[PDB]
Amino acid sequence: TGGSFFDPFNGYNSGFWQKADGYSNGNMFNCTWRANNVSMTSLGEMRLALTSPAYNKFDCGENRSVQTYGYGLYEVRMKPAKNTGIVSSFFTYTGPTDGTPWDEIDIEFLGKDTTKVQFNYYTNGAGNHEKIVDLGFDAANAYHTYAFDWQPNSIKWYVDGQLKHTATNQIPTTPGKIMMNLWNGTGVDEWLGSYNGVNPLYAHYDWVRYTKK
């Protein structure tokens, strides 16, 4: 696994992170990941872009850690994109492609309503832990700090240092990579709203911190 770190996103660290490029996840992810869709701003931010190179085709950005991370506090200072039919995320993930069980822990912002955040996690591919929380502000407007404390017997999620949600049942056990992506869905209209093709759209990440357990 990796040790504690802080990245201020003043520049793109290619020994530490890697960009998805040249393929689509398939199913609900109605886009092709492109390296060019992950970029660094002159303000010290990582920006993920949803862009359209041709009619009804969408390019998106996903960035992942090279190392894998285990128990402890994950914090992201970010602001999601705002639009029907999209998600901006910050999550941990390992699964069958990595020779392990599907273990994942999510903070997801459904673009159809950026005044709510969704929490979730999967343990050995079993999911359905969705919890939707009212933020009391519009996440798309300004940076906020979002976090999860992943322990052996519980996950605790925070918004600006305040506890919002706690899970205790069927908790993930396999270290995963730290990931962020922004994408437009198809086939999941009830969850995300339909996507209406509007672009470009951006999600911005000021910084990421992990603190080992």
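Start at 1 and count along the sequence shown; that's the residue number.
Checklist entry - Which is higher on average in the deposited entry, the C-alpha temperature factors of 122-130 or of 101-109? => result Of 101-109 and 122-130, the stretch with the higher C-alpha B-factor average is 122-130.
Checklist entry - When the C-alpha temperature factors are averaged for each of 163-171 and 23-31, which stretch ends up with the higher value in the entry? => result Of 23-31 and 163-171, the stretch with the higher C-alpha B-factor average is 163-171.
Checklist entry - From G72, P80, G136, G85, pick the one with the largest CA B-factor in the entry? => result Of the candidates given, the C-alpha B-factor peaks at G72.
Checklist entry - Of the choices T186, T51, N63, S154, which one's C-alpha carries the largest B-factor in the record? => result The listed residue with the largest C-alpha B-factor is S154.
Item to check | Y146 CA temperature factor, ranked by third within the chain | outcome: Its C-alpha B-factor, which the entry lists for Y146, ranks in the middle third among residues of this chain.
Item to check | Chain third (lowest, middle, highest) by recorded CA B-factor, residue given as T92 | outcome: For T92, whose C-alpha B-factor we compare with every modelled residue in the chain, the answer is the middle third.
Next on the checklist: Sorting by Cα B-factor within the chain, modelled residues only, which third would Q67 end up in: lowest, middle or highest?
Outcome noted: Ranked within chain, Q67 CA B lands in the highest tercile.
Checklist entry - Against its chain's modelled residues, does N36's Cα B factor rank lowest, middle or highest third? => result Its C-alpha B-factor, which the entry lists for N36, ranks in the middle third among residues of this chain.
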